[PDB]
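Same order as they appear, the protein sequences are chains A, B, C, D and E. Heads up, the first sequence is in my numbering, so the first residue is 5 and it goes up one at a time. Heads up, the second sequence is in my numbering, so the first residue is 523 and it goes up one at a time. Heads up, the third sequence is in my numbering, so the first residue is 137 and it goes up one at a time. Heads up, the fourth sequence is in my numbering, so the first residue is 448 and it goes up one at a time. Heads up, the fifth sequence is in my numbering, so the first residue is 84 and it goes up one at a time. A virtual CB, placed ideally from N, CA and C, is assigned to each residue, including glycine. What follows is a short report on a single structure.
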Amino acid sequence: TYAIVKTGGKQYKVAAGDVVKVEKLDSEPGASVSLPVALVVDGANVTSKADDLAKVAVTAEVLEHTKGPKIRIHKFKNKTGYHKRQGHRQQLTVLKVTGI
Amino acid sequence: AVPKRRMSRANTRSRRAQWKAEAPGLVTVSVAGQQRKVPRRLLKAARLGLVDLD
Amino acid sequence: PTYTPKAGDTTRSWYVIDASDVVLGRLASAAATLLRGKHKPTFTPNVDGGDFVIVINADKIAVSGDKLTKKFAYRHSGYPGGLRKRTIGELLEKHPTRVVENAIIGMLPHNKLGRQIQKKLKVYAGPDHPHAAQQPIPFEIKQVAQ
Amino acid sequence: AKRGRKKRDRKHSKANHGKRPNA
Amino acid sequence: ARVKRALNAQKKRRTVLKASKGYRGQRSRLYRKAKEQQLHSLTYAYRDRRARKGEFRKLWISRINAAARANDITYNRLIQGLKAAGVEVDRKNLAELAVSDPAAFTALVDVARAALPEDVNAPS
RNA sequence: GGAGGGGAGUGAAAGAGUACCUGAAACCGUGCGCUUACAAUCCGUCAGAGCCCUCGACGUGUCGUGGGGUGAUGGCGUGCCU
RNA sequence: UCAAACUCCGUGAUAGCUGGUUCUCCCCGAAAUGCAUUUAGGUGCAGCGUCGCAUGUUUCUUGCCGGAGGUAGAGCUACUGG
RNA sequence: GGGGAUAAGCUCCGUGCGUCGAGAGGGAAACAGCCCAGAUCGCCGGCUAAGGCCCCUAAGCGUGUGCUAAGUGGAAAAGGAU
RNA sequence: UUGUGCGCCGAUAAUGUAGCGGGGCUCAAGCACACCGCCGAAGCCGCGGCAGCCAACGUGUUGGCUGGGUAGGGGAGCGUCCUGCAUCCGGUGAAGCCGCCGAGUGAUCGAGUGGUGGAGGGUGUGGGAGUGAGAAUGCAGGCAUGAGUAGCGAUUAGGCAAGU
């Protein structure tokens with residue numbers, strides 16, 4: 005009994021109790037959010053029509069706001085003398101899916 | 523002619539370890555009542571005292 | 137995270153393909169698909185999961201056109217002027233399993249894994265095979281219609 | 448001679464659209 | 084005001100050398116040769132991060148097409164059906180359904196078959 | 001035999017012993033963990049099985065918004081400066 | 001060491017010549033053309049870059065309107081020739 | 001367009017022609033100058049361009065009507081040929 | 001006989017097939033015309049982070065366009081040393097060196113902490129620089145690869161017993 009959730013432009017397969025890392029949302033930690041659904045499987049049956057999916061939404065709570073792994077970028081091209089250094093850390097929000 | 527490149531670490535040690543020694547095979551002989559180990563080549567002499575045992 | 141096969145997740149089964157009157161190119165591509173485990177949905181490029189493929193009746197296999205006499209199978213011993221060739225017709229008479237093997241061997245990846253896949257292909261000239269204890273599942277070459 | 452004609456020929460490929468550097 | 088360049092220069096030598104640990108041969112001991120690797124190492128990564136997205140999308144297609152042909156439907160038709168049927172599951176989860184729980188995938192295939200046209204070669 | 005060293009002492013310290021403050025890097029060993037004798041490798045990078053160590057929660061070992069070390073195998077990949 | 005020895009000094013000789021010039025990011029971003037040159041692998045001015053000030057679409061694209069050519073083509077009892 | 005032998009990956013010109021120079025990514029097996037397209041960073045989301053969809057290799061041993069017997073496809077001339 | 005679509009011969013080099021990338025294909029996986037999908041990049045879209053130019057209003061947020069780049073022009077910064085002034089740490093252990101755990105868009109940071117150490121350091125705001133090297137067949141010191149390799153310097157020649 006799981007569902008595929010659209011958030012941040014990406015679809016994650018979640019169920020009750022799973023913990024996911026999605027793009028940053030405007031919700032303080034401890035708050036609850038609701039997310040649309042791309043598909044729901046309940047036992048053997050499958051809900052795939054756009055109409056019934058719009059009726060159901062996945063509720064989840066925001067655990068905390070974290071940062072991703074550090075990305076170090078050193079662009080370079082030989083015989084020229086072109087170095088460019090720049091880091092990056094993506095801001096991530098981790099949710100705990102409570103119920104569907 | 524001369525070596526063109528600096529031989530790497532893996533290639534140096536691979537050939538170097540072939541430069542080793544083989545320990546002699548020692549047998550036990552009894553001289554004057556004490557047991558000392560001499561190579562089997564020198565077995566006969568050590569019984570006649572021709573071999574000095576420190 | 138996408139699912140990746142663990143230690144004991146892989147499984148094998150035995151397929152026997154009757155090579156009689158099948159086109160060499162068509163039979164080989166079918167076998168090369170099986171051996172790489174392309175049919176399973178658990179496919180992973182760096183882990184082999186192909187199913188042992190037995191090819192029987194390997195000497196009756198049909199080659200179209202004039203390729204029975206005008207297609208050569210070359211080989212070089214490394215010595216100067218050491219290039220010796222055998223037309224397919226001759227190669228079928230001496231040892232027939234070679235024609236099927238090579239045409240499959242050149243269909244698989246050429247890396248170290250493709251060398252491991254080859255261990256799972258047994259091909260016999262006669263209509264009988266010794267692997268009856270493994271219960272090969274007879275396999276046939278169809279094409280899914282679209 | 449063999450090398451020269453082959454290079455000018457492989458300009459006719461579908462993905463080159465009939466032109467190639469150094470002819 | 085003579086300045087000895089030991090403190091200011093040793094700083095960048097530690098960064099590269101510590102970050103180049105695990106390399107084979109000289110590329111793990113000497114700052115000059117390690118820096119030559121860090122130029123390549125961080126160029127390979129930035130190229131492989133972009134290529135990883137295309138690579139992983141690919142692996143999923145291979146798993147989809149393998150399971151789609153097990154249900155007797157080619158992949159290109161299966162996608163044409165799903166787009167027409169209004170199912171918008173991406174390839175990552177479609178490959179996930181195909182491997183883990185095959186029962187749902189058969190349900191999805193049957194949806195794709197229904198929404199396909201009667202004669203797919205029609206000039207419609 | 002000496003050189004040198006081990007006890008015992010001086011010393012706050014002998015990781016201050018007249019080769020002596022602090023004691024880096026190249027270079028040279030020793031011990032331990034992983035890996036390697038069918039294999040074409042600008043020596044990395046992205047996936048990644050297995051083994052070993054660690055931090056938590058739950059029993060005998062089994063997962064996790066985990067961390068480390070090795071990396072079998074696949075994909076990509078033509079040194080730096082002038 | 002000899003088609004004009006060695007050492008010091010002028011002296012840090014001078015080279016339209018070869019080499020070298022060390023930390024980071026942000027924005028913009030060319031030329032290999034013209035004229036002249038004891039000149040052609042140099043340089044000066046112009047052309048193309050950037051920064052500041054001034055002027056504001058004057059730049060550019062499309063439609064329409066007014067222009068002058070002498071190429072492509074064609075023609076030869078229309079000229080000069082064949 | 002000139003020079004050349006209407007040869008050169010030749011040489012000298014014109015072009016609000018392109019690209020490389022000073023440019024990554026996809027295609028052409030590899031292959032600065034050809035074709036698609038100008039990289040602010042991250043994503044294990046989606047649609048396409050050139051090019052492809054039997055296996056290597058991603059997606060069609062796709063559907064309809066024909067043609068080829070030469071592996072033509074997967075190099076070439078005057079000319080020969082029921 | 002005429003015009004056409006595909007073909008045949010002409011055909012022909014020197015390491016090894018070698019004028020499809022390979023296997024293979026005429027049971028086209030070849031050619032021509034129509035039709036149907038799909039794969040495909042750092043292109044376009046989705047979600048998030050940053051910066052430049054401009055505008056809207058505001059006592060710095062929002063929005064819109066833009067962000068490949070060598071020679072080169074402009075702006076802003078990290079690190080090191082010496083000093084004015086003001087402050088704080090240090091034999092209850094500074095600097096330096098080796099680690100662990102982390103941090104920043106970059107040079108880099110750690111008044112976060114372990115080990116070695118034994119006497120000076122940090123910060124704010126100004127002043128001044130012998131202030132940043134990977135390369136000049138660059139200079140000095142230490143140490144590698146070749147390598148336990150070549151050699152051990154004539155044309156005479158050494159041997160045995162005993163001793164220390």
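Only those residues of the segment 161-177 of chain E whose C-beta falls short of 8 Å from the nearest C-beta of chain A are listed: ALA168, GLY169, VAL170, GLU171, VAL172, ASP173, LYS175 and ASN176. For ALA19 of chain A, not one C-beta of chain E is nearer than 7 Å to its own C-beta.
For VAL203 of chain E, the residues of chain C that pass the 8 Å Cβ criterion are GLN282, in the order they occur in the chain.
The beta carbon of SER207 of chain E sits no closer than 7 Å to any beta carbon of chain C. From the listed residues A:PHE80, A:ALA7 and A:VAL101, the smallest Cα separation to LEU125 of chain E is found for A:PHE80. Here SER38 of chain A is bridged, per DSSP, to A:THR63. By the beta-carbon neighbour count (other beta carbons within 10 angstroms, threshold 16), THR84 of chain A is exposed. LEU177 of chain E counts as buried, since no fewer than 16 other beta carbons sit within 10 angstroms of its beta carbon.
Remark: C-beta atoms of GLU65 of chain A and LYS100 of chain A approach each other more closely than 7 Å. Neighbours of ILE104 of chain A in chain E, taken as residues at a C-beta separation under 7 Å, are lacking, since the least C-beta distance is about 15 Å.
Judged by beta-carbon spacing, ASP187 of chain C lies within the 7 Å limit of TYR151 of chain C, meaning their Cβ atoms are closer than that value. With 16 or more other CB atoms across the displayed protein chains lying within 10 angstroms of its CB, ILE156 of chain E is buried. In this structure, the alpha-carbon of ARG467 of chain D lies about 14 Å from that of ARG452 of chain D.
For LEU125 of chain E, a Cβ of chain A is located within less than 7 Å of the residue's own Cβ. At the C-beta level, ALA167 of chain C and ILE240 of chain C come within 7 Å of one another.
For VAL172 of chain E, the secondary structure class from DSSP, reduced to helix, strand or coil, is coil. Note on geometry: alpha-carbon atoms of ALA181 of chain E and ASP184 of chain C lie some 19 Å from one another.
Linking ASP574 of chain B to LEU564 of chain B through their CA atoms gives a straight-line distance of about 11 Å. Taken residue by residue, none of the segment 239-255 of chain C has a beta-carbon sitting less than 8 Å from a beta-carbon on chain E. Residue-level contact by beta carbon fails for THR169 of chain C and chain E, as no gap is shorter than 7 Å. Contact check between the segment 44-59 of chain A and the segment 540-554 of chain B: fewer than three CB pairs, one atom from each, fall below 8 Å, which does not count as touching.
The shortest C-alpha to C-alpha distance from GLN279 of chain C to any of C:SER165, C:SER149 and C:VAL189 is the one to C:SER165. Nearest CB-CB separation between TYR114 of chain E and chain A: not below the 7 Å threshold. Going by DSSP, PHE188 of chain E is part of no beta strand (DSSP E) but of the alpha helix (DSSP H) stretching over 185-198. The DSSP-derived three-state label of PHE188 of chain C is coil. Per the C-alpha coordinates, the member of C:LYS176, C:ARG172, C:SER200 and C:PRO274 positioned closest to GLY161 of chain C is C:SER200. Contact between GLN95 of chain A and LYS10 of chain A does not hold, since their C-beta atoms are separated by about 20 Å, which reaches or exceeds 8 Å.
In the displayed model, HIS78 of chain A falls within a strand according to three-state DSSP. Cβ proximity to chain E below 8 Å picks out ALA42, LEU43, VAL45 and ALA48 from the segment 27-48 of chain A. Contacts between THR157 of chain E and chain C, judged by CB atoms closer than 9 Å, involve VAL280, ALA281 and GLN282 in chain order. Of all C-beta pairs linking the segment 259-277 of chain C to the segment 224-234 of chain C, three or more are shorter than 8 Å, placing the two stretches in contact. Burial check for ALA448 of chain D: the Cβ neighbour count within 10 Å stays below 16, so the residue is exposed.
Contact annotation: the segment 47-54 of chain A does not touch the segment 99-117 of chain E, with fewer than three C-beta pairs closer than 8 Å. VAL9 of chain A is outside the set of residues whose beta carbon lies under 7 Å from a beta carbon in chain E. For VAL86 of chain E, no Cβ of chain C is located within less than 7 Å of the residue's own Cβ. DSSP lists C:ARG222 as the beta-bridge partner residues of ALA209 of chain C.
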